[PDB]
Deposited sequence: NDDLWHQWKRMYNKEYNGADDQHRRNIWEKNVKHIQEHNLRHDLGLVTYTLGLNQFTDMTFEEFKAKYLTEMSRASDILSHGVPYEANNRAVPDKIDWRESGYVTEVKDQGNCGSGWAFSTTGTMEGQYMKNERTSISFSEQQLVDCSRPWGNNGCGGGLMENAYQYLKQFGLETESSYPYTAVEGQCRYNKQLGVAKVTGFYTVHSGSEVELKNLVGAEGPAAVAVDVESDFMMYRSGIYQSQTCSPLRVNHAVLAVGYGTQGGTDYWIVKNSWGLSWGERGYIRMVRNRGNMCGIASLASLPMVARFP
């Protein structure tokens, strides 16, 4: 694996001091052994997804979790501060409508919640205005602490929506992403979009989530990320150990479909295109609210700011 370690480090621009290189190699090797074992089971049809190398392969899951993941759900969620959602196609992929921006990269920051927010906002704005937009995650990271968010330490899309009822969301061009929380640089003159209300699906109902996505557009969701999620490469992800109460990272449900009998969600992540299926994960659908996808879902109603 010597050859491959050096190539992997080049691919992801990883550079370590003498104190770290061997420990990182050891983690990488352990992870690689798991990927190789898992993937042979896939070839025999014993699991429905594969694992792969990516920018996280030299991390332990506990390290990853400390950096990127935080418990997002509370029992309080049962009754949302939006409108709970209750005649749609059997399959849909809002990428095909032009309503989804390319996959972004949150970098060294636990800011998935901010990408999920901007992604659902992008979907609505592009649909309603028939034009391209990409919104600022950095604005959310830097400016929404008073609404209960914690920057790179985590947050909630529904908290961001409350912020965005009063303050207009800027474009990426106006307020670009740095992956470091800084002082709020909100400029009212550059606000483009605001939230007027939002729909929720917090019930665990995958039918309700399908209805929301199929009628309205890409929905913000949170999921329970485990080690195999960190390492996911392709196929339909499933877990027997995840919990719908332990959602800990936000993503974007852009569609749904079925492959060879097995229903799935199409989910956009913010870990770059090197993770998953060019940045996406297909997660099993209609199988127990897998990983809590229908436990913390939402979709804002968006208007021009003004």
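Just jot down which stretches of the deposited chain sequence have no CA coordinates, in the order they come. In the chain as deposited, only 87 to 90 carries no coordinates.
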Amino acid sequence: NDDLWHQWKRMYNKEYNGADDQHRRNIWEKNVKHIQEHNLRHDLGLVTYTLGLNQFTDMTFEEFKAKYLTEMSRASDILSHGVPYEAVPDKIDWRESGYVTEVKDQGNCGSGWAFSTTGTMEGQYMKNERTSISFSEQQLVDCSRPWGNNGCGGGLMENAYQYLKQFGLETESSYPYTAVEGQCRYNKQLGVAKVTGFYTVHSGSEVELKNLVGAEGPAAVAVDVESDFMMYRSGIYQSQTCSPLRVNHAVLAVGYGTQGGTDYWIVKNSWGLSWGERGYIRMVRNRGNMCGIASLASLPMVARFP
From here on, numbers count along this sequence of modelled residues.
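Read off the CA B-factors in the entry, average them over 296 to 304 and over 3 to 11, and name the higher stretch. Higher of the two, by average CA B-factor, is 3 to 11.
Mind pulling up the entry and telling me whether 277 to 285 or 62 to 70 has the higher mean Cα temperature factor? Result of the comparison: 62 to 70.
Looking at 248, 269, 54, 240, which one carries the largest C-alpha B-factor according to the PDB entry? In the PDB entry, the greatest C-alpha B-factor among 248, 269, 54, 240 is found at 240.
Going by the entry, which of 82, 151, 119, 235 has the most elevated CA B factor? Of 82, 151, 119, 235, 82 has the highest C-alpha B-factor.
Residue 253 by Cα B-factor - lowest, middle or highest third of the modelled chain: Answer is lowest: the recorded C-alpha B-factor places it there.
Chain thirds of CA B-factor: placement of residue 104: Lowest third.
Consider only the C-alpha atoms of the modelled residues in this chain, order them by B-factor as the entry records it, and name the third containing residue 111: lowest, middle or highest. For residue 111, the deposited C-alpha B-factor lands in the lowest third.
State the tercile, meaning the lowest, middle or highest third, of residue 129 with respect to the CA B-factors recorded for its chain. Highest third, going by the recorded CA B-factors of the chain.
Tell me, lowest, middle or highest third: where does the Cα B factor of residue 172 rank within its chain? Its C-alpha B-factor, which the entry lists for residue 172, ranks in the middle third among residues of this chain.
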